[PDB]
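For this one, two forms of the same chain are given in structure tokens, first as structure 1 and then as structure 2.
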Structure 1
């Protein structure tokens, strides 16, 4: 039963805060206690402020994220390379983690659309093509819609 200074409480509360923070921005709910809720509120509004920092957004938009773990560790090391610490940097790091999540999804989306189109077009070719040809192709669907 350690207090706030214990590493166990630090890792526990850290996970909670981070998850709440990331999930919040990804929704665009994680059960937490009152003081943790107060911190989550401050975090949320700072993330909002950073979302409006337009130079930062363009920078993050441009970094290529096919090896996102390399990117995360390189940015994290660089942010703290001068041997200084403050809470603003920790907040900033959390913000960066949430941006990586969103960046990662965005690279998944086209591949997912491609894979599923693959299934659908394969089914269409082997099972529907004959009937579609009898309609005179997709122009038959124009007729159907009354165009």
Structure 2
């Protein structure tokens, strides 16, 4: 039953705004009531602007990828270390969180490829290798394709 000032609403609306933002920077749109949608549209504009900030994009790409969590809290803490607060900073932090999702994944695709390659090559070694040797290895497939 809390209003906008309530911690409940601040956390609920903050989650909807952030999720919508992260999906903007990208599947289906987060359902939002009319007022919240109006905020989201403004955040979309700020995100659009910051996406064209080429220096910022270069630096986000340049960040060490091993622990995105450490990166997030170091940036967040650093941003607000002078004890000052304003809405511009809050929105810029949300923007950074959205870019971190894209960045983090950029680590994920390589790791997923390596993991899935592991399964496939494991199956191949233990189940297919004998038959492939009977073909004289992959040079057999060269033949197969008429090469």
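Residue numbers count along the first chain shown, from 1. Throughout, rigid core stands for the largest set of C-alpha atoms superposing within 1.5 Å between the two forms.
The chain shifts as two rigid parts between structures 1 and 2, and residue 30 rides on the same part as residue 100. A two-part rigid-body description fits the chain between structures 1 and 2; in it the smaller part is rotated by 13 degrees against the larger. In the core-aligned comparison between structures 1 and 2, the Cα atom of residue 137 sits 7.0 Å away from its counterpart.
Its Cα shifted by 3.3 Å, residue 117 is compared between structures 1 and 2 on a rigid core fit. Taking the core as the fixed frame between structures 1 and 2, we note the C-alpha of residue 64 moving 1.0 angstrom.
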